[PDB]
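1. Part one of the assembly, not moved from where it sits:
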Amino acid sequence: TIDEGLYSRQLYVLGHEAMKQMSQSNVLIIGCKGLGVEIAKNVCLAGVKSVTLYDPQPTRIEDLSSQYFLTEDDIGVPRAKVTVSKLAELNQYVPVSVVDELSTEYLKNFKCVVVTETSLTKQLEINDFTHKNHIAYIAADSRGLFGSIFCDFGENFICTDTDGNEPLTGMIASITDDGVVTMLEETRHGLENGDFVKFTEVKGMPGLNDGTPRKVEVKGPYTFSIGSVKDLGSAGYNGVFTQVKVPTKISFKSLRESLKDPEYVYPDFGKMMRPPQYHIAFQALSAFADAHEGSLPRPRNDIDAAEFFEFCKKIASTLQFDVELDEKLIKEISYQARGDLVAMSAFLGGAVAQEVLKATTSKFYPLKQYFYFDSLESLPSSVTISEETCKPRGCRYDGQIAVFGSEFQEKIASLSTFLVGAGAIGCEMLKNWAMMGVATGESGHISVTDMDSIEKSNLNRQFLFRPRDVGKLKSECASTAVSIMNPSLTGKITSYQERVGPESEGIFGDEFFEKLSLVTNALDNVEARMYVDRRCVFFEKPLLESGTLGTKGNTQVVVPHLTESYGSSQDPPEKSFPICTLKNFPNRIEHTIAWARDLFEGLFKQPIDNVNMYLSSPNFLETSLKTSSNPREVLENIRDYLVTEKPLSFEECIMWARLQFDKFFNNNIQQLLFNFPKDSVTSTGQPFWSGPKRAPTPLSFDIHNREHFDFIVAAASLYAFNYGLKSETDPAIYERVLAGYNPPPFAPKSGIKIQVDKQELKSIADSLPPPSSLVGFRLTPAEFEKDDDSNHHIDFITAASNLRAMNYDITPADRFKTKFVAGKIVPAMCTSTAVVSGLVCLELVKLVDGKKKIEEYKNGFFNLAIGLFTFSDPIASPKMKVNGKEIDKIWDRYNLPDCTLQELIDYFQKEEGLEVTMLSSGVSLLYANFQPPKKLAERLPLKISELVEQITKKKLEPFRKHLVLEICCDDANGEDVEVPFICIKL
């Protein structure tokens, strides 16, 4: 029922059941300014039943400071009726409509109501009703560098998944009668006290496998207790535990009764004392509105701030708040009251959107209940921030000028940025830049690059694209889409289709980087991140970095000559299974899917490529014999795929697939059991097939077995694809050909090496047809494509994996999970993407302000599934001492022209106090003080570029603009010392 083609990546986060509940939940959203439109965007993409908008207030120019679906032609028109048109285009499955009147009884149509830009008085009126009529309530507001969220899902909300983690599971070694479970081979269970676990395959304790959950007591990383099990056996052996996730009832207080005793979610344990201050300040903001006819304090206005601060006093007394108010902090909220920052709406909007899904799915732990946030470190300090500088100017950026000022607005407009990636994070980043006015100045410019094209599943979280854009380039569409959002960016954006890396340094060279103000990553792999980081360090450019994984995300800022870089710290490495486990001793479905992916590659990819290389590369056989890891396999592929196993009909492909069945799910298993019989024992007398090793059983082909049949169809259709034969699916032709299959006899051989020559390969090479006879003939390889359900790729992998799962008695998996594993799909959705984009841009304004204190910057981490946000100051770059001078071990370098070797040596002695003893370039040694005097007399007058060319016996590439060198030298005390590298500017 659920369109898996669109929701693939999001389904891997929320699950089918959750999205089924979403498709039955109407959502009402009050307010269509920046915050509300962001919430509505994510909710529409998410796939709720429908979205209803309510905002009769007319469009003002300052609303465009963050609301990206409003143009200057829409001024005066109510915001809801202008925004509905563009929200309906996001997701065809989510109708969007407007409502002009709000009736209390009309709220009963929605499972969740999001309230923005609404006074506290009206909030209480709405929440009083929703709280009594089983309607989820969410209220958020964006006020300058300050934000707030309130959630009330009722006092009997049942959460069915409180962390979004997959259930823990692991293999057991033993269980004592008193209930001590010992994990297998120092394998951590990962459980906590109070968790529940079921069991399966436990030997000696049959009743334990019945599936009754048992509370756990953790005794150590590899051991835990479940209580007495004497009534069930004397000793448990082997088996597998599986965590049982327990639901929790969450009782929310109403807005009225929690207003006195609010329960806070702290986004920053370094600002623990602020949420209470903000609780009072946001209420005082609504009292000010009611007093001044719905108007908020004017930007940086002292008179309005004094009156506001007085409201806080009255509210603090009315609520009996035993707290000493921080005047400077509270007044700062009044100064910024009219601030409308797109970054703040992205951050809050993404979070609120996730909370809406929590209310409609009962999945993930919701905010309970008050989330007060600030990014006050983003307030500029290099420019005058006064009532005169922040005053409105009648432009789309008034909401941003209210906080940063007009002098700062020009700095944003003249940025030259480089966005690496135009996917999820890329689209949100471009949207933010457009609303902020980045690169809209004379000297401003944006460069976007991405080598990929738009696909269906991208549309779930890459909102600049539309179904009709499928197949187009991401960087181009995103550039065009942003020009519509901010026409001031017309012609200011240059899009590339380049893959950032070593191969594209001719485009993204020295001349390209020198112009940039900063680099922003929007990548989906660590390799590209590490490369961009190296480049930014070399060109001394700031880097804004971010990543997401399902509901989790993070941000990191790299400040030249201040912080460490992205590559300065280590991350957990990517998991890889042992070859022995995949090749012969699988025990999880992940092991059979990885095996099936290699089988897919080994039947429909690798041999095809060898044939085409044999027919187009003149000396392929010779080179392969000298380089190939398995020359015999290459020769056999060519021999098999060109003559001995070449099919001439789809019937012959079916016969071929039938042979592959016994070759990989029977004959190979027999040979394995022949070398390791089921009852064989190790050197310690223990059964060989125990623990991680599961005794396999060969399969006997059965046409009436869906897994057997699915493998034949998928394998025959892929073999036909390789040769261009037309495939078929009518079961009658498979029954016709297979019913008459005489399998050749097979007997397990001896002397085969199963981990836990010269003549024959030269003879089969001569038996190959010469390429002279196959001029122009090629075969078509199968290029793995996980997102095309008509190519049989996932069909073959699913069937092949499950057949191997049947060999080893492993639980099979459907195409949905198999696609996830074989495809290495990263779960993702729009909510996390918006959140990181907001945090990234809150750090962007710090870079353009030139902030020099490391404590003002913040790296961000969050997990929306548990309402966890946390932040830390960046790590300073490691320092070093040379002749007493402080050297930055990451960012410092010696910049020199293309001078002579002598001039370089003299420069370092006289200007740096360093005696150059050795000078190197790459692997090459350019100079050393111990070289004979004739070697030096001929090199000292040479230029560095000349010295490099001669020593390397190779001319420098013509477009080279720099040269990197290293030196060994003694300091002023004659002692060897490490010093920064040298960059020669040619």
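-> Looks like it came in fine. Numbering: from 1, shown residues only, chains lettered A, B, ... in the order given.

2. Isn't residue A:551 up against residue A:830?
-> No. Using Cβ atoms under 8 Å as the test, residue A:551 is too far from residue A:830 to be in contact (11.4 Å). To be clear about C-beta, it is placed using only N, CA and C from the backbone, and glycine gets the same treatment.

3. Which parts of the stretch 201-350 of chain A are helices?
-> A:255-258, A:274-291, A:302-318, A:327-335, A:342-361 (DSSP state H, counting those that start in this stretch).

4. Next, the buried residues of the first one.
-> Judged by neighbour count (16 or more other Cβ atoms under 10 Å), helix A:255-258 contains these buried residues: A:255, A:258.

5. how far does that helix sit from the chain's center?
-> Relative to its parent chain, helix A:255-258 has a centroid offset of 37 Å by Cα atoms, centre = their mean, to the nearest Å.

6. got the CA coordinates for that helix in CSV?
-> Extracted in CSV, the C-alpha atoms of helix A:255-258 (Å, rounded to 0.1, in the frame of the first residue of the first chain):
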residue,chain,number,x,y,z
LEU,A,255,-0.2,23.9,28.7
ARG,A,256,-2.2,25.6,31.5
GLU,A,257,-1.0,23.4,34.4
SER,A,258,2.5,22.9,33.2
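
7. Apart from its chain neighbours, what residue comes closest to residue A:459?
-> In space, residue A:459 comes closest to residue A:465 once its chain neighbours are excluded; the distance is 5.8 Å by Cβ to Cβ, 6 or more residues apart in numbering.

8. tell me the secondary structure for the one you found?
-> Under DSSP: H, G, I helix; E, B strand; the rest coil, the three-state class of residue A:465 is coil.

9. and chain B, same structure:
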Amino acid sequence: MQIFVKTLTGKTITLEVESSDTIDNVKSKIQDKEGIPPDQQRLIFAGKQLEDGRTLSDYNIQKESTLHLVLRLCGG
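-> So, slotting chain B in with the rest:
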């Protein structure tokens, strides 16, 4: 004394420590329980990341303080 470490996936780790203990020591105790190499541990207290060579006292970490153990992510 006792301190708590909350991970980004919602797990809670309890440690037995003293204010004079080094971050390296705290990381060793986290490695024993979770298997995470010290160099891959990102600990945060009161908005500051804990660095090797310093002590808990250098960060005002006291009885029953809560640290965050976080990771970097690569989707996007």
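
10. List the contacts of residue A:226.
-> A:175, A:179, A:181, A:197, A:214-217 (Cβ atoms under 8 Å, 6 or more residues apart in numbering or on different chains).

11. which of those residues count as buried?
-> Neighbour-count burial (16 or more other Cβ atoms under 10 Å in any protein chain shown) is assigned, among the contacts of residue A:226, to A:175, A:179, A:181, A:197, A:214, A:216-217.

12. what's near enough to touch the closest residue to residue A:812 other than its chain neighbours?
-> Counting by Cβ to Cβ, 6 or more residues apart in numbering or on different chains, residue A:812 lies nearest to residue A:802, which is 3.7 Å off, once chain neighbours are set aside. Listed by Cβ under 8 Å, 6+ apart, the contact set of residue A:802 reads A:592, A:707, A:812-813.

13. roughly how far apart are residue A:802 and chain B?
-> Using Cβ to the nearest Cβ, to the nearest Å, residue A:802 is found at 28 Å from chain B.

14. Equivalent analysis for residue A:168, please.
-> 10 Å.

15. so that residue touches residue A:190, yeah?
-> Yes. Between residue A:168 and residue A:190 there is a contact under Cβ under 8 Å: 4.9 Å.

16. Can you tell me, leaving aside adjacent residues, what's nearest to the residue of the stretch 151-300 of chain A found nearest chain B?
-> Of all residues in the stretch 151-300 of chain A, residue A:270 sits closest to chain B, at 2.6 Å by Cβ to the nearest Cβ. Once flanking residues are discounted, residue A:270 sits nearest to residue B:47: 2.6 Å by Cβ to Cβ, 6+ apart.
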